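Here is what each chain is made of, one letter per residue.
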Amino acid sequence: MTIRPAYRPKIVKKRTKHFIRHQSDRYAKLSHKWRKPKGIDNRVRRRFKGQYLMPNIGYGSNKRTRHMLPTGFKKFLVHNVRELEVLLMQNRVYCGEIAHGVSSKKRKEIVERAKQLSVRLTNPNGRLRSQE
Amino acid sequence: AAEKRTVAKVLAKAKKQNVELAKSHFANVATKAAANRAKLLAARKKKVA
Amino acid sequence: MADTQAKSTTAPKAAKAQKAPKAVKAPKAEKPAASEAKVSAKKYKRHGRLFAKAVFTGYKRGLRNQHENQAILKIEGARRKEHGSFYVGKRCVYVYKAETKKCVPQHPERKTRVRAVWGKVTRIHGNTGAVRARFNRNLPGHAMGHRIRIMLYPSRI
Amino acid sequence: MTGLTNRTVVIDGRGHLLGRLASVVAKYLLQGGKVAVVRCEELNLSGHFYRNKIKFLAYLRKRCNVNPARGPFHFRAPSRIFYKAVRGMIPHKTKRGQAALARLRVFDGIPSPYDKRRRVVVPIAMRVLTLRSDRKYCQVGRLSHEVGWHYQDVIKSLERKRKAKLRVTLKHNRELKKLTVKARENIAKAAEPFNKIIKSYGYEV
Amino acid sequence: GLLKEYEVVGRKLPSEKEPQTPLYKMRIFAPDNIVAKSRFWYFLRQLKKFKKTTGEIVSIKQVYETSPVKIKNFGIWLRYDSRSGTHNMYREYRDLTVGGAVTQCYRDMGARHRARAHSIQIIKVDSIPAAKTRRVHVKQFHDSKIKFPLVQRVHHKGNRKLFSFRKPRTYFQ
Amino acid sequence: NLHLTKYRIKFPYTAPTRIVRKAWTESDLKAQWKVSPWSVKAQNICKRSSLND
Amino acid sequence: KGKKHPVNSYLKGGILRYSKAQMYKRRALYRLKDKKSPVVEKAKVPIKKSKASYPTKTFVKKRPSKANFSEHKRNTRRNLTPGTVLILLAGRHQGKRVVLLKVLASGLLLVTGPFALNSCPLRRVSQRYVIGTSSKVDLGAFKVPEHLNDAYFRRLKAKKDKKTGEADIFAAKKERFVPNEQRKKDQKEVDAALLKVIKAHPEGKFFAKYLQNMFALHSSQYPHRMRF
RNA sequence: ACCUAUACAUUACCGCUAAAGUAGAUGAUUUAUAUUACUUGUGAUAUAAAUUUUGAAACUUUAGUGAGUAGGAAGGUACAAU
RNA sequence: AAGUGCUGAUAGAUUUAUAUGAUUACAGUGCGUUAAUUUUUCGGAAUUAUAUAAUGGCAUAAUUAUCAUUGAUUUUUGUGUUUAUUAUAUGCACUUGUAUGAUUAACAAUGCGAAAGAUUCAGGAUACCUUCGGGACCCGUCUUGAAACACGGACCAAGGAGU
């Protein structure tokens, strides 16, 4: 029910698509996570046409809306309850995700406590589990 | 000064069709008659120095 | 000699007729005292009753580079650059179909079998009456040679 | 029919130049076009016959040497001399420019309904707008016969078949207009009839 | 361009051992003002000592020939360089305007002899009345009454229909 | 650019405009051209051209 | 007093009244009325206009910053005069030939069918969605019954529920289209007076039965470059 | 006439580079009003409400600007231990 | 050359200006001398002196300095002169007014975050499949030059080299 923050901006983006590392199509050994090629006769390092595109700082997103989530909020990993008391008056820029380590026992409290401080948790319905 | 030119060139139609001059273009030139008094005061009020 | 064109071609606004800069005829008539008023012969294609027809015929390409931001159209009758200068600013639309409805009739009754990508004609392109148009998304290029509908609205007269 | 214009644009090939009619048609066929060119044995080629003899006889010695069946298949109709042109002017190695020759049917000897459907002239590619006096031209009729087309007198007799029954369908229609110009008499006192069209035409009365 | 006509006058700027140096003038056909002022020096670096700057360009003007609707036939004298071959010529054209019959020369001299226009020099241009015109293609355009029924247009190909319908039957008689 | 009609008219070839103007009216072109047999077919330019809505 | 002299808009770069305060001024005896009202005063006798702790406080909620104000500037209309026969390009009456009557302060076009003739009420269309033909239809003594204001004819309204405030709802309400009973009296007033006019015209292209057909054009004619 | 670059130009954004500004908050600043010194007039005082921290390793303002192997420097990032 | 008089379109519009510093100087509207002149009569309308150095104009003196010098061009000006032109002599309030804080905002339409329940509008080459267009040679290496008819590499996990 939580109002999105601080009269939200319009998050606009140079590339959505992520950069995918030369020849990773060709090999199962090469991970798609980018490496800069260093090798001399390489048309990707040389930036030929219709090869693919490298990273640089020029694609860097707006400094206002950098790390902002789809909801205009920014993340804050919460690990126990009294980390939510940090977000008592940051509940208007930040939002909590309960960690993966945090168990189903305590999450029920973190969800109920963070309903009082009106923060927008980004993963409730985690360890529900409408079970034991 | 371009205003009075179009004033003068619409009065070229008063050479042609002579229509009006009702509340539109004589009123553009009727003020000259009241502006004559600037020259009529020039014969009586500019003779003070 | 050419002094008359500061007189004769203002007579269109006494052929408007508003504020009459020259009440001369040039009556475009069959009178033997009338062989004037400069009618440009000719082109007479309607295909503009509404939704003037046009194909999409490629992106704003160079030779070896494409620029898919801008479409190139080919209007139904247009043949020189004064013809396609008419349509600039008209919301051209590309209309096509799809299998789904997935949606209600929400405003005036919607069936959803027909898809439209709205656009806006932007400028002229050819030296002979082709035209560019930036759309909303970007025209998938198996739409090349398929009809887009240049609208007649938003209309200057 | 109905389409981007019709679903056809029938063009007579008579008296037109082979390569200017090609680049008009290969441009129009990429617009989403549907042409259907008829009488292809009549397309005129420029230059005299022993110029174009030599050039078609050089395009047939280009055959593969390893296996000639793979090499350039040299089609010898007149309608395939012209369809060969509209493939030099079309991106035929693409799935776009292969649907652009699948609008093109091309015939030589005007058959089967393209003999009642109205066929039009392309004055940008006509001979007698383009090619000078004193300049010899050819026809693809004799070029294909002298390079081995076995159906020249086939279609010349088929032409005279449909030339012959054209005189039967004109003498149906020449007297039928003569009925209309008599049928035009009885309507001059219809009500106020013709006045509204004649005051904008009147040059045909 | 179209080769307007100028009259460009020189000076030899006046250094003290001789003031008032003696003011030569030319007749120049150039497309523009400032290229007329540099033909002048190329044609001063052959006759007088005199270069820039040792000299000036005192008043030039563009001239506007005298009778623009008379049908005079010009006869121009000419000097031109071939592939190997600097040659005199003498050519004749019919035109209403003088700078229209120097530009009539250039597009003809450049076509018929390949004559790129930096290796052509105009060395006289005058109107030549009649019965002095030699040049057979001029003096067939002399004899009033000249009948000549060359039914002529461009015959605009084709017209506003590409796929026309009407087969344009040129002769129309 | 100019197409030809069936109408000659006599001047000297060195004529000034004022005597062409004298000759242009004297042979009475102005009345017999607006009835020239396809100068009616000019006048789709004054009637079929743009033939307003 | 007087001397307005704002000649701004056909120039479009001059005003001409800096020429006024030259000799026009009294330059002396400056006495003016000079309201000095301290009436905006928290004189809480019983008045209590602090304002009190509804809040006066730091309740925290954040929305944008404030909105610099375009007002109704000039509206260019290209030359359509009442009542020119129109052609409509959108909005359930597309292709119907209608007659304008009035151009209003919202820069729009009042349009009648006549609803008797063309099944088109006194609705309201932009100049963008309409194609004005060549000449007129004469309307020299029409009253144009000026209570047909643009502001007079919103949809009235959606009160978010039935004016009671905080109420219940079921879907699919019909609260927007009677059409108005007074509007049917204004409709029969114009379409009485318009139809005495429009039959008295010389039946040209667009005067009598001549509106009543559905624009889609024909041979030898235009969308491009017409004398339309 | 017209088409055409990762060039030119005007704008948004990222970095770099170069400048410039901010830290008395038992202070500063508004809006009103009571009083007031009164200088006509504008300030000073009381009341009521309001805004006013920033890893100063920060925040704010402004302008230019971006090719790169071999190669060097900065800032991040993965791994595992104390 | 002047705005001369505009009419058309296009794309774009930073801004948490206190999330540690003018929203104010501008001009523009609405109240408080005058008098005739004019016009429409429903407004408007026009008018002088009101104080300039006056700047431009004219005449004249005057001088600095000059293309060429009959002269012209000035220069410092100064006076007289009238012909014009321009600016200054608008505080007190009050506006939803224009400007300026990288000048986008007014009007409407569409649609209800809707208790759980659940649609609308926009977007998603995320990581693929379908359809087209454009571009597009295989990496590492040595080399002047590698897609090379140069060498290594079939593929995959662990190990693996500046201490």
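Along each chain, residues carry numbers from 1 upward in sequence order, and these need not match the entry's numbering; residues missing coordinates do not appear. Lettering of chains starts at A and numbering of ligands starts at 1, both following the order in which they are written. What is shown is a subset of a larger assembly, and the numbers refer only to that subset. Excluding hydrogens and water, the side-chain figures rest on all heavy atoms present in the structure.

- Method of determination, as annotated in the archive: cryo-EM, at 3.5 Å resolution.

Structural notes on the overall build of chain C
Right, so step 1: The helix and strand tally for chain C stands at 0 helices and 6 strands.
Right, so step 2: Put simply, DSSP marks the helices as runs of H or I at least four residues long and the strands as runs of E at least two long, and each gets a number from the N terminus on. Seen in sequence order, chain C has helices and strands lined up from the N terminus as β-β-β-β-β-β.
Right, so step 3: With C-alpha atoms as the basis for the radius of gyration, the globule rule is written as 2.2 Å multiplied by the number of residues raised to the power 0.38. Against the globule reference of 15 Å for 157 residues, chain C gives a C-alpha radius of gyration of 21 Å, more extended than a compact globule.
Right, so step 4: Reported as C-alpha extents along the three principal axes, the dimensions of chain C are approximately 65 × 45 × 25 Å.
Right, so step 5: Per element, the accessible surface of chain C, about 9,600 Å² overall, is 51% carbon and sulfur.
Right, so step 6: Positive charges come from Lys and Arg alone, negative charges from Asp and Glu alone, with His and the N- and C-terminal ends not counted. Every charge is mapped onto a representative atom, which is NZ of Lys, CZ of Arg, CG of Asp or CD of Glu. Taken together, the 39 basic and 8 acidic charged side chains of chain C have centroids lying 4 Å from each other. In this description, accessible areas are obtained by the Shrake-Rupley approach with a 1.4 Å probe, and a residue is regarded as covered only by the protein chains that are shown.

Examining helix α2 (residues 49–58) of chain D
Because each turn of an α-helix spans 3.6 residues, side chains separated by three or four positions in sequence point in the same direction.
Residue and element names in this part refer to chain D.
Right, so step 1: Buried within α2 we find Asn52, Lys53 and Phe56. The buried residues of α2 occupy an angular sector of 115° when the element is viewed end-on, so they sit on one face.
Right, so step 2: Any two residues whose heavy atoms approach within 4.5 Å are treated as being in contact. On its buried face, α2 is in contact with α3 (78–88) and α5 (140–145). Type-normalised accessible area, obtained with a 1.4 Å probe on protein chains alone, sets the label of each residue: buried when under 20%, exposed when over 50%, and partly exposed for intermediate values. Think of the arc as the fan of directions from the helix axis to the C-beta atoms.

Remarks on the nonpolar core
Right, so step 1: Buried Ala, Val, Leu, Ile, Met, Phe, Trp, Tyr and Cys residues that are joined via side-chain atoms within 4.5 Å together make up what is termed a nonpolar core. In terms of nonpolar packing, the biggest core is built from 35 residues, with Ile11, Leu21, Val25, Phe82, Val86 and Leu104 of chain D touching the most fellow members.
Right, so step 2: Contributions of two or more residues to this core are made by α1 (20–28), α3 and α5 of chain D.
Right, so step 3: Broken down by element, the residue count for this core peaks at 6 residues, all from α1 of chain D.
Right, so step 4: Those residues in contact with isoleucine 11 of chain D that lie beyond four places of it in its chain are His16, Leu21, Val25, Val35, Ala36, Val37, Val38, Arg119, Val120 and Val122 of chain D together with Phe163 of chain E.
Right, so step 5: Ranked by size, the runner-up nonpolar core spans 21 residues in total, among them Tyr59, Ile75, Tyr87 and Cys92 of chain C.

Considerations on the packing of α1 of chain D against α3 of chain D
Residues and elements named next belong to chain D.
Right, so step 1: Axis geometry follows a simple rule: fit a line to the C-alpha atoms, using only the stretch in contact for helices, then measure angles between N-to-C directions, giving values from 0 to 180 degrees. Closest axis-to-axis distance for the α1/α3 pair is 9 Å, and the angle between their directions is 55°. Here α1 lies oblique to α3, going by the angle between them. Considering the relative orientation of α1 and α3, their crossing is right-handed. Packed against α1, whose contacting residues are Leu21, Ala22, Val25 and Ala26, the element α3 presents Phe82, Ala85 and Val86 at the interface. When an angle is under 35 degrees it counts as roughly parallel; over 145 it counts as roughly antiparallel; between 65 and 115 it counts as roughly perpendicular; any other value is oblique. Each crossing is labelled by how the near helix is turned from the far one, with a counterclockwise turn of less than a right angle marking it left-handed and a clockwise turn marking it right-handed.

Some words on the protein's contact with RNA strand I
Right, so step 1: Residues are counted as near a molecule or strand when any one of their heavy atoms sits within 4 Å of it. Around RNA strand I sit 81 residues, and of these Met1 and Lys17 of chain A, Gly141 of chain C together with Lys12 and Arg27 of chain G come closest.
Right, so step 2: A breakdown of the atoms of RNA strand I within 4 Å of the protein gives sugar and phosphate a share of 71%.
Right, so step 3: Polar contact is the term for a pair of N or O atoms within 3.5 Å; when the atoms are in protein, one must be able to donate a hydrogen and the other to accept it, and sequence-neighboring residues count only if both atoms are side-chain atoms. In the model, a base oxygen of RNA strand I is placed 2.7 Å from a nitrogen or oxygen of the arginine 17 of chain G side chain.
Right, so step 4: Of all the elements in the fold, those that place two or more residues in the surface near RNA strand I are α3 (27–42) of chain B together with β4 (114–124) of chain C.
Right, so step 5: No other element matches α3 of chain B, which puts 6 residues into the surface near RNA strand I.
Right, so step 6: Looking at side-chain class alone, the surface near RNA strand I contains 28 nonpolar, 19 polar and 34 charged residues. By the convention adopted, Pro, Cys, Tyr, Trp, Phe, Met, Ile, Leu, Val and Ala count as nonpolar, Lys, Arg, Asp and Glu as charged, and the other residues, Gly among them, as polar.

Concerning the protein's contact with RNA strand H
Right, so step 1: Taken together, 27 residues sit near RNA strand H, with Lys14 and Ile57 of chain A, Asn127 of chain C together with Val40 and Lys42 of chain G positioned nearest.
Right, so step 2: A share of 89% of the atoms of RNA strand H within 4 Å of the protein falls on sugar and phosphate groups.
Right, so step 3: Within the side chain of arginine 47 of chain A, a nitrogen or oxygen atom sits 2.9 Å from a phosphate oxygen of RNA strand H.
Right, so step 4: Note that a sugar or linking oxygen of RNA strand H is positioned 2.6 Å from one of the backbone N or O atoms of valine 40 of chain G.
Right, so step 5: Classifying every residue of the surface near RNA strand H by side-chain character gives 4 nonpolar, 11 polar and 12 charged.

Structural notes on a nonpolar patch on the surface
All names here are of chain E.
Right, so step 1: On the surface, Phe141, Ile146, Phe148 and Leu150 cluster together into a nonpolar patch covering about 410 Å² of accessible area.
Right, so step 2: Counting through the fold element by element, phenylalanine 141 comes out in the segment after β6 (120–128).
Right, so step 3: On the accessibility criterion, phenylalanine 141 (40% relative accessible area) is partly exposed. Put simply, a patch holds well-exposed residues, over 30% relative accessible area, that have no salt bridge, with like charges counted together within 9 Å and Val, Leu, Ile, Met, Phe, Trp or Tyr side chains within 5 Å. We count a salt bridge whenever a side-chain nitrogen from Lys or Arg sits within 4 Å of a carboxyl oxygen from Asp or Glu.

Description of the interface of chain G and chain C
Right, so step 1: Counting residues at the interface gives 22 residues for chain G and 25 residues for chain C.
Right, so step 2: Buried surface area refers to the total accessible area, computed with a probe of radius 1.4 Å, that the two partners give up upon joining, counted for both partners together. When the two sides are added together, the surface that chain G and chain C hide from each other amounts to roughly 2,300 Å², 56% of it contributed by carbon and sulfur.
Right, so step 3: Summed over the three residues of chain G that lose the most area to chain C, namely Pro223, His224 and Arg225 of chain G, the buried surface amounts to 31% of that side.
Right, so step 4: Linking chain G with chain C are 1 salt bridge, by the criterion used here.
Right, so step 5: With a closest N to O distance of 3.0 Å, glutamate 82 of chain C and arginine 225 of chain G form a salt bridge.
Right, so step 6: Here chain G is connected to chain C by 11 residue pairs in polar contact.
Right, so step 7: Residue composition of the side of chain G that touches chain C, grouped by class: 9 nonpolar, 8 polar and 5 charged.

Overview of the pairing of strand β4 (residues 73–80) of chain E
It is a general feature of regular strands that their side chains alternate between the two faces of the sheet.
Residue and element names in this part refer to chain E.
Right, so step 1: Most of β4 is tucked away, with 6 of its 8 residues classed as buried.
Right, so step 2: Whether two strands pair comes down to DSSP finding at least two bridges between them. For β4 and strand β5 (residues 87–94), the ladder comprises 8 bridges, and the chain directions are antiparallel. Each residue of the ladder has a partner; that of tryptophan 77, found in β5, is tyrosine 90.
Right, so step 3: The hairpin turn running from β4 into β5, its antiparallel successor, is 6 residues long.
Right, so step 4: Bridge count for β4 against β6 is 8 bridges, and the pairing is antiparallel. Its bridge partner lying in β6, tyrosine 80 is registered against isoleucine 120.

Considerations on the sheet that holds β5 of chain E
One key point about sheets: their strands pair by backbone hydrogen bonds, in either a parallel or an antiparallel sense.
Residue and element names in this part refer to chain E.
Right, so step 1: Within the open sheet, the 3 strands sit side by side as β5-β4-β6. Their pairing is antiparallel. Each having just a single partner strand, β5 and β6 make up the two edges of the open sheet. The sheet shows a mean angle of 20° between the axes of neighbouring strands, taken without regard to direction.
Right, so step 2: Here helix α2 (residues 103–112) sits on the sheet and contacts β4, β5 and β6; the angle it forms with β5, its principal contact strand, is near 125°.

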